[PDB]
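Residue numbers (my numbering): 26 to 209. From the three backbone atoms N, C-alpha and C, an ideal C-beta is built for every residue, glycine too.
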Amino acid sequence: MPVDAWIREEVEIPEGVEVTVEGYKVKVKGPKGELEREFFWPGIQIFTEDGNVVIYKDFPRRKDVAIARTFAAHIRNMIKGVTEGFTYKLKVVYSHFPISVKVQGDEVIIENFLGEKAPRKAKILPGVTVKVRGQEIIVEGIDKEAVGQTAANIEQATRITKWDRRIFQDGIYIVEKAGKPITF
RNA sequence: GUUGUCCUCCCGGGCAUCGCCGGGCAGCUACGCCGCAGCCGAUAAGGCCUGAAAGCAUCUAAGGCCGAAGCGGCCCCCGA
């Protein structure tokens, strides 16, 4: 339990990002689009003190601090989302089969995965754009949360655990999020 | 059709408690035929995102995406 009487943390907001508050509900608009969330937790008020956004509750308890810093981090993902957006780059890697990745409409379709005759599909969200260039594909969009979800829906579609996991590695995987994951 | 017998014979009948045997309509039956799904919602086990506590990491701590023949719906039966 960290103990302060304010307890108060402060979010630095650029000139590029304007934040508007209406209770516990946050909208963040910059030079490109807008994004809304509801921050829900008891007793945590978000309001704007000048150029600065403040997230506060009177009482310090351990639960609260965690939730408070997550909200700070959601703001921060909006500040670099609404400015210029988020890019995660992904690779489709195949063990045996030229594996055809195309966007047909508001779903991405992956065909010819493991010699399958059937289509695989995975959902794309209304703020996210999927571009395929060769067997690199880059998922691109206004929001990190959203971008992160779309990418992982693609991966969860190709999922394989019904055979050995060392000698079938067919699928599209996360080469990049925003750093490079990972070394074993 | 036929064995026994009674009606004198002929024909046409009775009983032998379907007389025995052969065939069979209607009906009822099978050993016969006809018909008996998919899909959506919300979840579990599980897989993940963001994402802190614990400046990182992390599928959960809050929020979010999927995901059982099971659950609800769909269907079928009854039902002022």
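Where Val-36 and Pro-206 are concerned, what is the direct C-alpha to C-alpha distance, given to the nearest angstrom? Here the alpha carbon of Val-36 sits roughly 28 Å from the alpha carbon of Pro-206.
Could you tell me how far apart the beta carbons of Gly-106 and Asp-168 are, in whole angstroms, since I believe they sit closer than 8 Å? Right, the Cβ-Cβ distance comes to about 5 Å (below 8 Å), so this counts as a contact.
Tell me, which residues are paired with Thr-73 by DSSP? According to DSSP, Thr-73 bridges with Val-78.
Beta-carbon separation of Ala-203 and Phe-96 under 8 Å? Their beta carbons are not under 8 Å apart, which means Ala-203 does not touch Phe-96 by this criterion.
Cut-off 8 Å between Cβ atoms - residues of its own chain near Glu-132, not counting five sequence neighbours on either side: Sequence-distant Cβ neighbours of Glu-132 in its own chain, meaning closer than 8 Å and more than five residues away, are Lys-146, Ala-147, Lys-148, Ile-149.
Hey, could you find the ends of the alpha helix (DSSP H) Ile-179 is sitting in? Run containing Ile-179: 169-182, per the alpha helix (DSSP H) assignment.
Short Cβ contact (8 Å threshold) for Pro-56 with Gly-41: The answer is yes: Cβ separation under 8 Å.
Taking the continuous beta strand (DSSP E) assigned at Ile-197, which residues delimit it? Here the beta strand (DSSP E) through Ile-197 covers 196-199.
Taking 6 Å as the limit between beta carbons, can you name the residues of its chain near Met-103, skipping five residues before and five after? Residues of the same chain with a CB within less than 6 Å of the CB of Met-103, apart from the 5 flanking positions on each side, are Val-53, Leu-60 in chain order.
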